[PDB]
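To keep things clear, I will list the structure first and then write my remarks on it.
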Amino acid sequence: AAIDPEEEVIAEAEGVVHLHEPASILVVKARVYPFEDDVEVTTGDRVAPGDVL
Amino acid sequence: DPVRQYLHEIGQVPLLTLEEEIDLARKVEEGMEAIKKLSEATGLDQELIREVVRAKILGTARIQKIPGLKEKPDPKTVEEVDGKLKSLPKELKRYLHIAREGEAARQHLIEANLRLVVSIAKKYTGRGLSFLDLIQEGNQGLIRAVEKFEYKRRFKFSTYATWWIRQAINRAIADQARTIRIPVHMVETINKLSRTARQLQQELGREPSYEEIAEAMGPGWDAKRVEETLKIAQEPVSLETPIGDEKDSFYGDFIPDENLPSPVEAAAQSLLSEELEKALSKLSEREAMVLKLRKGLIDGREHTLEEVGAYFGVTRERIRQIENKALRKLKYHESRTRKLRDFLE
DNA sequence: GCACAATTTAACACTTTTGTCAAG
DNA sequence: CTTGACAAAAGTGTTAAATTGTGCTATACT
C-alpha cells in the first residue's frame with residue numbers, strides 16, 4: 001500500500017510473494033507460535049508454561 | 001543533575017529516517033481510524049475505547065488510580081469495556097490490535113522528535129523557566145503536533161512540530177512568567193511595546209518619549225496608554241532584597257502593619273465607645289433607642305425609618321423628627337462638656 | 001500573532017424604596 | 001405625632017463595549 005493509489009502494487013495474476021533487501025534485520029530471543037483463527041491473547045500481557053495462547 | 005539527565009535520556013534513542021517517519025504517521029493514523037471503526041461496532045464513544053486502549057498499554061491500574069482523586073471508574077466503566085469489546089468476530093478483533101499498536105507508535109514519534117523539542121526551547125532561555133521547566137512545556141506542545149499531523153501532506157514532521165513547540169512555549173511564558181497573573185493578550189501587548197521601544201531607540205539613537213513611542217505603535221496609542229500599561233509591566237520586589245551597605249539588613253522588616261489595630265487605636269475606639277454610652281444616657285428613653293437603631297449600634301446593622309416606626313408603632317415621619325431632636329439635643333451637652341469634642345482627626 | 005468564542009463589565013432604561021417638606 | 005406629595009437615592013433588568021481565554025498555522029530545522 002502506498003501514498004497514492006498509483007504506486008500500490010497489484011498482483012498481476014496468482015503466485016508467491018517474497019520480501020528481499022531489508023534496510024536492516026533485528027533478531028530477538030523469543031519463541032514463535034503461529035496461529036490460524038483469531039487469538040485469545042492480547043499484546044503485552046504475561047504468559048506462563050501451559051497457558052493457552 | 002537533572003539537566004544533563006534529560007539530555008542523555010533523549011540521547012538514548014535514535015531519531016528517525018524519512019522512512020521511519022512516514023511509516024510512523026501511517027500506522028498511527030491507522031490505529032486512530034481503527035478506534036473510529038470500533039466505535040461503529042460495539043457502539044462506544046470515540047475517546048472511550050481510545051483511553052481504554054492505554055488502560056491495557058500505557059499500564060496496569062497505575063493509569064486510572066492517579067489522574068487526580070477522580071477521572072473515570074477503573075473497575076466499572078472500563079473493565080466492562082475491556083470485556084465488552086472482547087467478544088467480537090475476527091472482522092472487528094484486528095481493529096483492536098491496530099488500535100494498540102497504532103496508538104503505541106505515537107509515543108515512538110514523540111520520543112523521536114523530542115531531540116528536536118529540547119533543541120528548540122534552547123533559544124528561549126530568560127523567560128523565567130530554567131531549561132527543563134521551559135523544555136517540558138514545549139514537549140507537550142509536541143504531543144499536540146503529533147496527533148494532529150498528516151503524513152499525506154508530504155511534509156517533514158519538523159515543520160509542523162516546531163510551530164506547535166513555539167506555540168506551547170510562548171503560551172506558558174504568558175501564563176506563568178511574572179509573579180502576578182497577566183491575561184494573555186495583554187502580556188503580548190507589553191512585549192509589542194518594548195519591541196517598539198528598543199527599535200526606535202536604536203534608529204533615533206536616543207531613547208524615545210512616551211508620545212513618540214506610542215506614535216510609532218499605531219492608532220489610538222497616546223502618551224498615557226504606554227506608561228499606563230508600563231506600570232502594570234514591572235513585577236513585584238523580593239522582600240529579601242538587602243538594604244544598605246551591610247549584610248545583616250533586609251527589605252521586609254521595613255514594612256509596617258496597618259491590617260491590625262494599634263494599642264492606641266484600641267484605647268481610642270474604647271474611649272469613643274464609652275464616652276458615647278454615657279453621653280447617650282442623657283436622652284429620652286425612646287430616642288436613646290431609636291438613635292442607636294439608626295446608627296447600627298445595636299445589632300451592628302442600620303434600621304431604616306420604616307423599621308423603627310414598626311418597632312415603636314409610630315410612623316416613618318415621627319422617627320425622622322425624633323432623630324432631629326435627638327442629635328441636636330446631645331449637641332447642647334457636647335458644646336459644654338467638650339469630652340467628645342475630640343475624635344475630629 | 002491572530003481570528004474569535006467566552007465571559008466580564010460599564011451602560012443605561014426605569015422601578016421602587018427611602019430621606020424629606022408643608023400642614024394637620 | 002400624622003398625611004400626602006416628591007425628589008433623590010438605591011434597585012432591578014437588559015445591552016453594548018471590552019477584556020480575556022484558546023486553538024492554530026505545513027519548506028526545513030531532531
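Chain identifiers are assigned as A, B, and so on, following the order in which chains appear in the C-alpha cells; residues are numbered from 1 within each chain, and ligands are numbered from 1 in order of appearance.
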Return the neighbours of chain D among the residues of chain B, cut-off 6 Å, counting only C-alpha atoms (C1' of nucleotides), as a ChimeraX atom specification. /B:113,115-116,160
Selection file, N, CA, C and O atoms, as a PDB file, in the first residue's frame:
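Contents of the output file selection-v2.pdb:
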```pdb
ATOM      1  N   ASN B 113      11.152  12.858  17.992  1.00  0.00           N
ATOM      2  CA  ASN B 113      11.299  14.294  17.748  1.00  0.00           C
ATOM      3  C   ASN B 113      11.554  15.105  19.025  1.00  0.00           C
ATOM      4  O   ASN B 113      11.599  16.349  19.023  1.00  0.00           O
ATOM      5  N   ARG B 115      14.298  15.115  20.631  1.00  0.00           N
ATOM      6  CA  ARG B 115      15.635  15.679  20.452  1.00  0.00           C
ATOM      7  C   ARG B 115      15.559  16.963  19.630  1.00  0.00           C
ATOM      8  O   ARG B 115      16.543  17.688  19.484  1.00  0.00           O
ATOM      9  N   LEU B 116      14.375  17.228  19.091  1.00  0.00           N
ATOM     10  CA  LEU B 116      14.107  18.459  18.372  1.00  0.00           C
ATOM     11  C   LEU B 116      13.572  19.456  19.378  1.00  0.00           C
ATOM     12  O   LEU B 116      14.140  20.537  19.548  1.00  0.00           O
ATOM     13  N   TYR B 160       5.800  21.047  10.963  1.00  0.00           N
ATOM     14  CA  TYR B 160       4.542  21.038  11.694  1.00  0.00           C
ATOM     15  C   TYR B 160       4.759  21.075  13.207  1.00  0.00           C
ATOM     16  O   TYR B 160       4.034  21.752  13.936  1.00  0.00           O
TER      17      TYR B 160
END
```
Could you please write out, as a ChimeraX atom specification, every residue of range 149-263 of chain B that DSSP assigns to alpha helix (DSSP H)? /B:157-175,184-203,210-215,223-233,263
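Reported to one decimal place, the separation of CA of residue 19 in chain B from CA of residue 110 in chain B is 15.8 Å.
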Please find the residues of chain B near chain A - the criterion being any atom within 10 Å, counting only C-alpha atoms - and write them as a PyMOL selection string. chain B and resi 22+26+56-57+59-60+86+89-91+93-94+96-97+100-101+151-154
Enumerate as a VMD selection string the residues belonging to chain C that approach chain B to within 12 Å, with only C-alpha atoms (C1' of nucleotides) taken into account. chain C and resid 1 to 2 17 to 21
Same residues, N, CA and C atoms (P, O5', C5', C4', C3', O3' and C1' of nucleotides), output as an mmCIF file, in the first residue's frame:
```
data_model
loop_
_atom_site.group_PDB
_atom_site.id
_atom_site.type_symbol
_atom_site.label_atom_id
_atom_site.label_comp_id
_atom_site.auth_asym_id
_atom_site.auth_seq_id
_atom_site.Cartn_x
_atom_site.Cartn_y
_atom_site.Cartn_z
ATOM 1 P P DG C 1 5.118 39.683 16.652
ATOM 2 O "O5'" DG C 1 3.647 39.490 16.053
ATOM 3 C "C5'" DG C 1 3.302 38.186 15.617
ATOM 4 C "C4'" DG C 1 1.907 38.028 15.026
ATOM 5 C "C3'" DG C 1 0.755 38.890 15.532
ATOM 6 O "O3'" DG C 1 -0.247 38.920 14.512
ATOM 7 C "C1'" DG C 1 0.389 36.679 16.186
ATOM 8 P P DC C 2 -1.327 40.110 14.439
ATOM 9 O "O5'" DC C 2 -2.439 39.552 13.431
ATOM 10 C "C5'" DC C 2 -2.278 38.277 12.810
ATOM 11 C "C4'" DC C 2 -3.479 37.388 13.092
ATOM 12 C "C3'" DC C 2 -4.756 38.134 13.480
ATOM 13 O "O3'" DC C 2 -5.881 37.648 12.754
ATOM 14 C "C1'" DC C 2 -4.304 36.441 15.052
ATOM 15 P P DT C 17 -40.909 48.969 47.256
ATOM 16 O "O5'" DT C 17 -39.870 49.356 48.404
ATOM 17 C "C5'" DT C 17 -38.533 48.890 48.304
ATOM 18 C "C4'" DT C 17 -37.547 49.995 48.636
ATOM 19 C "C3'" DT C 17 -37.857 50.731 49.935
ATOM 20 O "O3'" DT C 17 -36.668 50.881 50.692
ATOM 21 C "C1'" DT C 17 -37.531 52.273 48.196
ATOM 22 P P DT C 18 -36.724 50.877 52.298
ATOM 23 O "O5'" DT C 18 -36.107 52.296 52.696
ATOM 24 C "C5'" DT C 18 -34.855 52.691 52.154
ATOM 25 C "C4'" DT C 18 -34.714 54.203 52.131
ATOM 26 C "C3'" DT C 18 -35.306 54.909 53.350
ATOM 27 O "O3'" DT C 18 -34.433 55.944 53.785
ATOM 28 C "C1'" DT C 18 -36.175 55.854 51.402
ATOM 29 P P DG C 19 -34.375 56.359 55.337
ATOM 30 O "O5'" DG C 19 -33.977 57.909 55.304
ATOM 31 C "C5'" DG C 19 -32.797 58.330 54.629
ATOM 32 C "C4'" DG C 19 -32.994 59.704 54.011
ATOM 33 C "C3'" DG C 19 -33.517 60.777 54.962
ATOM 34 O "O3'" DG C 19 -32.847 62.018 54.737
ATOM 35 C "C1'" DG C 19 -34.957 60.592 53.103
ATOM 36 P P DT C 20 -33.224 63.315 55.610
ATOM 37 O "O5'" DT C 20 -34.484 63.948 54.850
ATOM 38 C "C5'" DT C 20 -34.359 64.428 53.517
ATOM 39 C "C4'" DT C 20 -35.593 65.216 53.105
ATOM 40 C "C3'" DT C 20 -36.183 66.114 54.188
ATOM 41 O "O3'" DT C 20 -36.528 67.365 53.627
ATOM 42 C "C1'" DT C 20 -37.865 64.756 53.292
ATOM 43 P P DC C 21 -36.387 68.706 54.499
ATOM 44 O "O5'" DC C 21 -37.684 69.557 54.111
ATOM 45 C "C5'" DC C 21 -37.935 69.860 52.744
ATOM 46 C "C4'" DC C 21 -39.397 70.185 52.493
ATOM 47 C "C3'" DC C 21 -40.013 71.112 53.537
ATOM 48 O "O3'" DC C 21 -40.820 72.097 52.889
ATOM 49 C "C1'" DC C 21 -41.282 69.111 53.380
#
```
Need to verify the contact set: residue 288 in chain B, 10 Å, only C-alpha atoms (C1' of nucleotides), exclusion of same-chain residues closer than 5 positions in sequence. Can you return it as a PyMOL selection string? chain B and resi 280-283+293+322-323+326-327
Would you mind exporting the chosen residues as a PDB file, in the first residue's frame, restricted to C-alpha atoms?
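File selection03.pdb, as written:
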```pdb
ATOM      1  CA  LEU B 280     -26.223  58.601  75.345  1.00  0.00           C
ATOM      2  CA  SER B 281     -27.747  58.121  78.814  1.00  0.00           C
ATOM      3  CA  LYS B 282     -28.887  61.798  78.944  1.00  0.00           C
ATOM      4  CA  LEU B 283     -31.569  61.383  76.261  1.00  0.00           C
ATOM      5  CA  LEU B 293     -31.138  51.788  65.839  1.00  0.00           C
ATOM      6  CA  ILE B 322     -37.135  62.009  66.753  1.00  0.00           C
ATOM      7  CA  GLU B 323     -33.615  61.820  65.310  1.00  0.00           C
ATOM      8  CA  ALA B 326     -32.102  63.687  69.398  1.00  0.00           C
ATOM      9  CA  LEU B 327     -28.717  64.585  67.876  1.00  0.00           C
TER      10      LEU B 327
END
```
Any idea what's packed within 12 Å of residue 74 in chain B, counting only C-alpha atoms (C1' of nucleotides), ignoring anything in its chain fewer than 5 positions away? Could you give it as a list in words? residues 51, 52, 55, 56, 60, 61, 62, 63, 64, 65, 66, 67, 79, 80, 81 and 82 of chain B
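Using only C-alpha atoms (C1' of nucleotides), the contacts of residue 221 in chain B at a cut-off of 12 Å, with sequence neighbours closer than 5 positions omitted, comprise residues 189, 193, 210, 211, 212, 213, 214, 215, 216, 226, 227, 228 and 229 of chain B.
Taking CA of residue 157 in chain B and CA of residue 107 in chain B as the two end points, the separation is 14.3 Å.
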Two-atom distance - CA of residue 176 in chain B, CA of residue 234 in chain B (Å): 14.4 Å
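Once residue 8 in chain B and its same-chain neighbours fewer than 5 positions away are set aside, residues 1, 2, 3, 13, 14, 114, 115 and 118 of chain B remain within 12 Å of it when counting only C-alpha atoms (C1' of nucleotides).
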